[PDB]
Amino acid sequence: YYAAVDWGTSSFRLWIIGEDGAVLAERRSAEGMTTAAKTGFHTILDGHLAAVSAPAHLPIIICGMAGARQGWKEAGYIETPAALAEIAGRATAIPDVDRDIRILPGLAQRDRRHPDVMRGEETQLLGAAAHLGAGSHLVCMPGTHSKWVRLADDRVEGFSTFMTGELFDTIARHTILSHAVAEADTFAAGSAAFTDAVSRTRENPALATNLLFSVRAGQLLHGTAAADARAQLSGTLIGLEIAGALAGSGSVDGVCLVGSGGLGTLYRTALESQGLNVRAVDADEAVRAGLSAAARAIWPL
């Protein structure tokens, strides 16, 4: 019996978990990191606990941006390489309250040639890894920042962020490419526009910023439909991510994909188009499971 919270930058999810593992209650809102920093983390939380009649001494495990510098209380990082089990033990307690409330830290790769950082995904990893062996895994965690993580023996060995989602959104809205992709809201992951682009760039990463301009040139000279231009932009950026993810990885078979929604489908299509097997793990199921593994290790029954 604990609450578990995924505190994101623009949203908030909470689950009350009973003694037997079952979800007894669930709450979900827009009060993410940026709202809570104006109006108060503790108050937003006390709101949801009251709304579902939590006991006053129900303990609470949190992951994500509630633990960033701009959040409720800095949770910091654990340096990789690091056993997945270190996470729960290095959680930060909220100091002047009558409830055990703890926030899990991010992971940091301090290497000077490859500095890298994650906050949130580590907890999804904790939930995902329970479904896999203790053997070797290359794990893809897509988003505004896709994380590619090397798991072995239940340790995170290292990881690489690729800013593909953030790049997509800036290129689509703030550059000339917006005149080619604005008219379209969606595209079909299954379309050739998409997987052709993933292949052009995966095979020719060096040309990336020529290929991006080609989406605009293509439109001007040949009337590329907005949906296909959107796909093309999308595919280019994700194919370049894949190229980087695999740049001397030996042979890799062999990828586990932690994702959900249309995002998860886009990536799976992308990865499978480049000849990789995919093992899907549902991103939301994995946070809860990650948050539950930590709770069971800090408050054992």
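The first residue of the sequence shown is number 1, and the count goes up from there.
Engineer: Going by the average Cα B-factor in the PDB entry, point out whether 100 to 108 or 185 to 193 comes out higher.
Structural biologist: Comparing 100 to 108 with 185 to 193, the higher average CA B-factor belongs to 185 to 193.
Engineer: Mean Cα B factor from the PDB record: higher for 136 to 144, or higher for 172 to 180?
Structural biologist: Looking at the record's C-alpha B-factors, the answer is 172 to 180.
Engineer: Would you mind checking where the Cα B-factor of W7 ranks among the modelled residues of its chain, as the lowest, middle or highest third?
Structural biologist: It falls in the bottom third of the chain.
Engineer: Ranking the modelled residues of this chain by C-alpha B-factor as given in the entry, is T43 in the lowest, middle or highest third?
Structural biologist: Ranked within chain, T43 CA B lands in the lowest tercile.
Engineer: Compare the C-alpha B factor of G261 with those of the other modelled residues in its chain, then answer lowest, middle or highest third.
Structural biologist: CA B-factor rank for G261: highest third.
Engineer: Using the temperature factors of the C-alpha atoms in this entry, rank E203 within its chain: lowest, middle or highest third.
Structural biologist: Answer is highest: the recorded C-alpha B-factor places it there.
Engineer: Ordered by C-alpha B-factor within the chain, which third holds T92? Give me lowest, middle or highest, please.
Structural biologist: Its C-alpha B-factor, which the entry lists for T92, ranks in the highest third among residues of this chain.
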